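Per chain, numbering begins at 1; letters A, B, ... match sequence-line order.
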Protein chains: 4
Amino acid sequence: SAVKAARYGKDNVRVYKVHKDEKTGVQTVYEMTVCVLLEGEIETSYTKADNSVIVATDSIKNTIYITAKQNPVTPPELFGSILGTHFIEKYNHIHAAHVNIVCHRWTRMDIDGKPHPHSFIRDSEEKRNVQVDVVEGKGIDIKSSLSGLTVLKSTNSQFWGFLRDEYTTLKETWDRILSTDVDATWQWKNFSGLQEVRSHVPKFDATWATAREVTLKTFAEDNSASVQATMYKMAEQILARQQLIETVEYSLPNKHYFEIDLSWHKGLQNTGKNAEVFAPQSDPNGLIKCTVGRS
Amino acid sequence: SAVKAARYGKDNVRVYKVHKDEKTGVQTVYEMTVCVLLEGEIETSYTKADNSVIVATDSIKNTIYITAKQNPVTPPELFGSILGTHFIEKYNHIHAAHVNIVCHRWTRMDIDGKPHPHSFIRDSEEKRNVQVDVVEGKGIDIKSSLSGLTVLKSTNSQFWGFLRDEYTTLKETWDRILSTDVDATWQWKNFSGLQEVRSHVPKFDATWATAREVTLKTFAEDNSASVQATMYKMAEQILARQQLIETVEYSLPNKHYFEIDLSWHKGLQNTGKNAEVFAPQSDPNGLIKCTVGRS
Amino acid sequence: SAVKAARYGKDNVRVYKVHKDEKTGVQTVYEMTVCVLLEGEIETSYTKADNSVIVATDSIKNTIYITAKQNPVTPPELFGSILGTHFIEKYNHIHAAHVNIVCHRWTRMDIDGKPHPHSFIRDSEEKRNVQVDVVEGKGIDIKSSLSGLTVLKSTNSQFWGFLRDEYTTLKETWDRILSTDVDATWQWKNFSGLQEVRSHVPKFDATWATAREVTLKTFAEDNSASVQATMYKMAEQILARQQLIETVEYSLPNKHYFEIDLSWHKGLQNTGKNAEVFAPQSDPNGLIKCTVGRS
Amino acid sequence: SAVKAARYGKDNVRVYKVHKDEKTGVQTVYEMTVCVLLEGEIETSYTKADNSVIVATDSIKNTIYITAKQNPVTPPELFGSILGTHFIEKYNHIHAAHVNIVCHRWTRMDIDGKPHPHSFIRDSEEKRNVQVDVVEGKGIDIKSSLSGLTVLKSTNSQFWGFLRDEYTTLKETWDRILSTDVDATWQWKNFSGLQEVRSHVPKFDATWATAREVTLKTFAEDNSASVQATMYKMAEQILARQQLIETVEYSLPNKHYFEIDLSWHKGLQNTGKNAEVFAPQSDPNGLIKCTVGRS
Ligand SMILES: O=c1[nH]c(=O)c2nn[nH]c2[nH]1
Ligand SMILES: O=c1[nH]c(=O)c2nn[nH]c2[nH]1
Ligand SMILES: O=c1[nH]c(=O)c2nn[nH]c2[nH]1
Ligand SMILES: O=c1[nH]c(=O)c2nn[nH]c2[nH]1
Ligand code: NA
Ligand code: NA
Ligand code: NA
Ligand code: NA
Ligand SMILES: [Xe]
Ligand SMILES: [Xe]
Ligand SMILES: [Xe]
Ligand SMILES: [Xe]
């Protein structure tokens with residue numbers, strides 16, 4: 001037998017950083033969960049019990065904190081690239097670093113119509129994420145994403161004209177509820193290294209904001225023919241607005257809300273045009289994915 | 001042996017309701033999870049296998065949907081009181097109904113600065129809850145609450161002057177992070193029945209809004225001497241603003257963020273006044289509770 | 001306003017302890033999650049910012065570890081009583097301690113038919129729990145429980161003869177699936193203090209074992225007329241076997257498995273006597289409770 | 001823009017099946033969660049709102065139940081292959097089916113030393129899983145796995161001789177706790193189609209049993225030099241025992257248990273050779289992966 005692939009590191013490293021403006025007194029907080037996995041010439045740790053090749057996962061944890069102390073942690077695409085580059089430059093035998101960052105929301109509170117200098121609220125479990133793969137001699141590959149964005153529209157969704165055969169019971173509909181949890185990923189063109197990532201720093205926050213705005217507006221305004229058709233419209237617009245993105249991937253559950261027939265009870269009308277009370281279904285759920293790229 | 005207490009019913013009943021304004025085209029959605037447990041002369045179902053006394057839990061589920069179809073579901077204090085009253089009036093041998101409702105957030109989306117007529121976002125897992133106990137001959141007892149409100153302040157929290165003995169290692173501090181998940185419950189004076197609950201309908205939403213506003217403002221503005229002292233200030237203000245509340249209960253975790261000493265690494269300074277990077281602790285956590293009532 | 005009730009302490013304290021037999025080489029591990037909340041003359045910490053009355057929650061955490069180092073951690077009823085007693089004896093102004101312990105399973109592995117001296121498996125998320133309330137001048141109240149015991153029987157459950165009215169759609173049945181997660185609590189007679197708890201130490205493990213055995217056997221063998229009737233049989237037997245128990249409480253979800261009518265597809269028969277494939281329902285669920293005591 | 005990749009289907013489909021032996025009266029239950037995603041000539045559903053190419057996800061759900069009614073559901077490798085093949089054969093324009101199955105444990109109860117005919121317990125959240133990819137013209141690729149197998153050993157784990165530099169604080173150790181949640185996957189050689197999968201049916205259950213047995217024995221008996229070295233030993237043995245496996249992948253968290261220095265309290269000795277009470281750490285955790293194949 002032989003080692004075909006190996007990676008190891010530290011997962012679930014929670015990090016908080018505060019920035020204090022001494023002039024204004026305003027404080028800004030960042031909180032992340034970080035994972036770093038390394039690859040390289042480490043096979044002998046597995047095959048021969050040779051620990052000399054192992055950068056301890058505990059040391060990887062220390063490095064994450066030290067790097068956060070000495071560098072900006074925002075945008076996460078930059079922080080991830082700094083962190084990954086560190087490992088491939090410091091250790092001759094490490095040739096790839098894989099950095100995953102989940103950013104948690106701490107939104108500044110408004111008190112009496114004014115932004116508070118040092119108080120924050122977690123407004124939703126929506127996350128902003130990055131996956132950064134730093135590979136020696138091959139540059140830096142960055143996938144940016146938003147996830148956990150949960151939305152619902154109560155009308156202006158349709159689903160008719162699908163294949164009907166002996167396995168089909170679903171009725172066609174011209175008016176239904178559509179609800180989903182949005183997972184959207186945009187993949188950047190390969191960057192040659194840290195200098196190039198630094199040169200594009202302003203684009204990271206702007207593209208995240210654009211992706212979020214396009215997702216929300218398209219969901220709200222599209223008279224949806226299907227989840228498939230609506231998600232494609234979203235992806236098309238993001239690619240049109242940022243030339244440095246190569247692909248956009250959406251993964252969307254279809255979280256079903258079922259009509260409840262109450263006619264058995266005193267002829268009560270609660271279906272079709274009379275539907276007011278519905279039963280949200282926890283499972284099963286549709287799952288629709290697509291990756292959109294350039295012509 | 002004898003049955004000392006018994007209750008049974010249906011838990012985890014998910015309900016969605018839509019209201020459609022035909023004039024404006026504006027739609028408003030409500031989504032809840034409901035639990036209903038009944039008590040009464042039902043001992044024989046346990047002791048003698050006498051099912052004749054059992055209103056099937058499946059029927060309780062049907063009743064929740066029918067009641068939602070025929071009545072407003074907001075404020076939840078009203079809906080819960082209607083639902084509980086139904087069971088004690090319909091069934092001679094049922095003498096108490098216990099209704100728990102969790103309300104999920106569906107906040108109307110703003111698209112291009114305008115409120116959208118039929119599109120909604122889940123902005124946080126904060127819940128608004130009610131517990132309604134309807135007891136035949138003893139009226140209606142309502143506890144209203146908010147939960148899952150997660151906040152953090154990065155300064156203006158202190159903790160010094162506590163008891164020090166041979167079990168104590170904690171250092172006194174004049175500047176720390178304070179973060180918590182707020183669970184706040186206000187208990188209404190007993191209501192004589194549904195007519196009285198109806199008479200106070202406007203107070204329910206207003207008191208929830210007040211409780212939330214007082215919680216946020218006090219947290220943000222108090223130069224906190226302890227979680228204990230800050231929570232008491234919150235409770236005092238709520239009781240002052242709504243005479244129909246008898247008690248306010250807060251239950252607050254103290255979610256710790258620890259300093260990280262980096263001095264071992266090239267003399268790096270990251271403690272006390274130089275603290276920038278912290279380690280959020282998943283566990284253990286302080287847990288502080290208090291119930292405040294009137295003199 | 002006035003403080004009506006207050007308690008505070010440390011939650012989610014994870015503790016592991018190993019016992020090493022030097023003679024045999026056999027090692028035995030225990031792992032728990034502990035919560036300790038205190039009450040007493042502490043109102044001034046809330047009302048006047050007087051921290052002098054506060055035993056820091058951090059110190060409570062230290063105390064849990066020190067107490068585990070110096071005492072047996074099994075049975076948990078004993079450990080909880082030692083821990084609670086410590087606080088009321090050490091601190092003049094603390095008058096009640098509330099200790100909750102969750103015990104996690106680490107079951108010794110069998111390798112090649114022999115018990116391994118130092119290797120363990122988590123066989124299920126079933127827990128053994130204790131709640132110990134130590135109140136100065138009023139002794140020690142102990143509630144012991146098992147929870148997270150998940151079982152299913154595929155036949156020998158019935159449910160017919162229930163109330164039928166205009167809210168009822170449920171069909172009577174003489175053969176159904178019954179599945180539940182068992183939560184069972186036995187409450188001990190009040191103990192005068194630690195000496196009395198020590199005197200009954202062998203009864204704690206034996207009663208837990210009896211409660212588990214009675215639950216499993218009764219579930220498996222009863223031709224169940226309802227969840228209500230089966231749970232009562234369980235409780236009756238436990239009370240008969242341990243005179244020092246005052247009450248037994250069961251709380252049982254009814255986790256539904258629905259028939260799937262496939263007749264629309266080529267006349268396929270999958271209901272009643274022909275039912276083979278079912279759809280487990282995540283929600284809603286029946287919830288049935290009862291507390292059984294002595295005549 | 002263009003669709004680069006697309007797949008869609010139904011996730012989280014819970015299925016239960018019972019087998020009844022009429023001769024012996026013995027019943028056997030199976031419970032799974034199933035996901036099926038399809039690929040093929042479906043781009044126009046995304047780009048042109050052409051639903052005619054869509055097999056509704058609701059119909060996919062129906063198909064899972066019908067297929068379970070008409071076929072064995074065990075071993076899951078066979079059921080998954082039947083299910084996937086169905087879609088590529090039935091629908092001309094569907095060219096790949098991806099089937100994921102999670103099998104839940106229902107272990108027959110022993111009552112008074114005898115196996116019960118129709119009563120079952122969930123002994124742990126350990127799962128047996130399959131991923132089956134059925135691709136038209138390219139056969140059937142099956143990855144089998146076990147996950148959620150949680151183990152701990154209290155001694156006979158070491159970790160010394162790792163790289164030490166200015167980022168390192170971890171002390172070398174010759175005796176530590178090792179605990180992990182095992183995720184192990186074995187990938188079968190490509191099968192030409194359903195006939196070939198059928199021909200190997202007995203190997204599926206036997207290989208799962210072997211993988212589990214090798215994992216447990218190696219964990220228990222290895223005087224572990226590192227997680228890396230121990231996991232490699234496991235993988236090597238599985239590959240030696242089943243020639244139809246091409247690769248074995250392990251993914252193992254290192255769930256840390258930290259010593260607690262109690263020396264500050266009355267010189268209490270609880271480190272190194274005197275360590276008895278430890279603090280389990282919820283996060284962060286080491287994460288170690290490896291894929292082992294043939295020379
Ligand atoms: O077994 C281990 N492997 C590792 O790579 C490691 N790093 N820190 N501790 C460790 N333990
Ligand atoms: O065992 C049961 N008890 C009940 O109260 C009930 N209600 N519906 N089905 C039921 N099954
Ligand atoms: O606000 C606090 N209250 C307490 O009781 C406590 N104990 N440790 N830290 C603390 N912080
Ligand atoms: O938008 C939808 N897309 C689908 O593929 C589907 N299948 N059933 N319902 C559906 N809704
Ligand atoms: Na390198
Ligand atoms: Na009544
Ligand atoms: Na005392
Ligand atoms: Na095909
Ligand atoms: Xe969508
Ligand atoms: Xe607080
Ligand atoms: Xe039961
Ligand atoms: Xe391991």
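With contacts defined as side-chain heavy-atom distances shorter than 4.5 Å, the pair C/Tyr250/C/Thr291 does not qualify. No side-chain heavy atom of C/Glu39 sits less than 4.5 Å from a side-chain heavy atom of C/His95. With contacts defined as side-chain heavy-atom distances shorter than 4.5 Å, the pair A/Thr33/A/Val13 does not qualify. The closest side-chain heavy-atom distance from C/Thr185 to C/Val248 is not below 4.5 Å. With contacts defined as side-chain heavy-atom distances shorter than 4.5 Å, the pair C/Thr215/C/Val151 does not qualify. Side-chain atoms of C/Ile54 and C/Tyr8, non-hydrogen and from C-beta on, do get closer than 4.5 Å to each other. Counting heavy atoms from C-beta on, the side chains of C/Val73 and C/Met32 come closer than 4.5 Å. Counting heavy atoms from C-beta outward, D/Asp123 and C/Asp123 have side chains that stay 4.5 Å or more apart.
Side chain of C/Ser199 to backbone of C/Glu196: a donor-acceptor contact under 3.5 angstrom is found. A donor-acceptor contact shorter than 3.5 Å links the side chain of B/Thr173 to the backbone of B/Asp175. C/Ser59 places no side-chain N or O within donor-acceptor distance of the main-chain N or O of C/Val55, the cut-off being under 3.5 Å. Judged purely by atom type and a 3.5 angstrom limit, C/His116 has no side-chain atom pairing as donor or acceptor with the backbone of C/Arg108.
A salt bridge between D/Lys127 and D/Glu125 is present, with a side-chain N of the basic residue lying under 4.0 Å from a carboxylate O of the acidic one.
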Show your working on side-chain contact (heavy atoms from CB on, under 4.5 Å) between C/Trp106 and D/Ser179 and close with a plain yes or no. CA-CA 11 Å; C/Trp106 281 126; D/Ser179 184; 4.0 Å; yes
side-chain contact (heavy atoms from CB on, under 4.5 Å) evaluation trace for B/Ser224 with B/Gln158: CA-CA 6 Å; B/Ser224 176; B/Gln158 306 184 4; over 6 Å; no
Please report the C-alpha distance between C/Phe191 and C/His200 in whole Å, then the side-chain angles of each, then the deciding distance to 0.1 Å, and finally whether the ring pair (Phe, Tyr, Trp, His ring centres under 6.0 Å) criterion is met. CA-CA 10 Å; C/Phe191 296 119; C/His200 293 296; 5.7 Å; yes
Show the numbers, then the answer: is there a salt bridge (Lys or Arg N to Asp or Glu O under 4.0 Å) between B/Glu166 and C/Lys90? CA-CA 11 Å; B/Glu166 69 273 22; C/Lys90 177 78 184 166; 2.6 Å; yes
C/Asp50 and C/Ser45: CA distance, side-chain angles, deciding distance, side-chain hydrogen bond (donor to acceptor under 3.5 Å, both in side chains) verdict: CA-CA 4 Å; C/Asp50 175 16; C/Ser45 62; over 6 Å; no
Given the rule in the side-chain contact (heavy atoms from CB on, under 4.5 Å) test, do A/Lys61 and A/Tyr65 qualify, once you have shown the distances and angles that lead to the verdict? CA-CA 7 Å; A/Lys61 174 189 75 185; A/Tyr65 304 149; 3.7 Å; yes
With salt bridge (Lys or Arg N to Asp or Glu O under 4.0 Å) as the test, would you mind laying out the steps for C/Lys289 and C/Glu249 before giving the verdict? CA-CA 7 Å; C/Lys289 299 177 177 288; C/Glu249 189 179 9; 5.4 Å; no
side-chain contact (heavy atoms from CB on, under 4.5 Å), that's the test. Do B/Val292 and C/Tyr46 meet it? Break it down for me. CA-CA 10 Å; B/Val292 180; C/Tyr46 297 87; over 6 Å; no
Applying side-chain hydrogen bond (donor to acceptor under 3.5 Å, both in side chains), run through C/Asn129 and C/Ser147 and close with a yes or a no. CA-CA 8 Å; C/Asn129 315 293; C/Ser147 60; 3.0 Å; yes
Checking side-chain hydrogen bond (donor to acceptor under 3.5 Å, both in side chains) for the pair B/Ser157/B/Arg176: CA distance, chi angles, key distance, verdict? CA-CA 5 Å; B/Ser157 171; B/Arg176 66 178 187 172; 3.0 Å; yes
Would C/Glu77 and C/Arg128 count as a salt bridge (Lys or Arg N to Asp or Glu O under 4.0 Å) if you check the C-alpha gap in whole Å, the side-chain angles of each, and the deciding distance to 0.1 Å? CA-CA 10 Å; C/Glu77 290 84 350; C/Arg128 173 172 172 184; 3.0 Å; yes
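The OG1 atom of C/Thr57 sits 7.5 Å away from atom CG of B/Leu170, with the distance rounded to the nearest 0.5 Å. Here the CD atom belonging to C/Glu31 is positioned 14.5 Å from the NZ atom belonging to C/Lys17, to the nearest 0.5 angstrom. Atoms CD1 and NE2, on C/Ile88 and C/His93 in that order, are 13.5 Å from each other to the nearest 0.5 Å. Taking CZ of A/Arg14 as the start and CD of B/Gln281 as the end, the distance is 8.0 Å to the nearest 0.5 Å. For the atom pair C/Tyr16 OH and D/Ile260 CD1, the distance stands at 11.5 Å (nearest 0.5 Å). Taking SG of B/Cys35 as the reference point, atom CG of B/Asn100 lies at 6.0 Å (rounded to 0.5 Å).
For B/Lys143, the NZ atom sits in a loose shell: 12 or fewer heavy atoms of surrounding residues, nucleotides or ligands are nearer than 6.0 Å. Residue D/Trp264 qualifies as enclosed at atom CH2: its count of foreign heavy atoms under 6.0 Å is above 12. More than 12 heavy atoms of other shown residues, nucleotides or ligands fall within 6.0 angstrom of atom NZ in C/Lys189.
Applying side-chain hydrogen bond (donor to acceptor under 3.5 Å, both in side chains) to B/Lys255 and the options B/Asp181, B/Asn285, B/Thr150, B/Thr180 leaves one that passes, B/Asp181.
Checking D/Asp261 against D/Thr271 by side-chain atom types alone, no donor-acceptor pair falls below 3.5 Å.
Ring pair B/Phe159/B/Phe162 is parallel by interplanar angle, where below 30° counts as parallel and above 60° as perpendicular.
Relative to the six-membered ring of D/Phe219, D/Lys153 meets both conditions, a distance below 6.0 Å and an angle of at most 45° to the axis.
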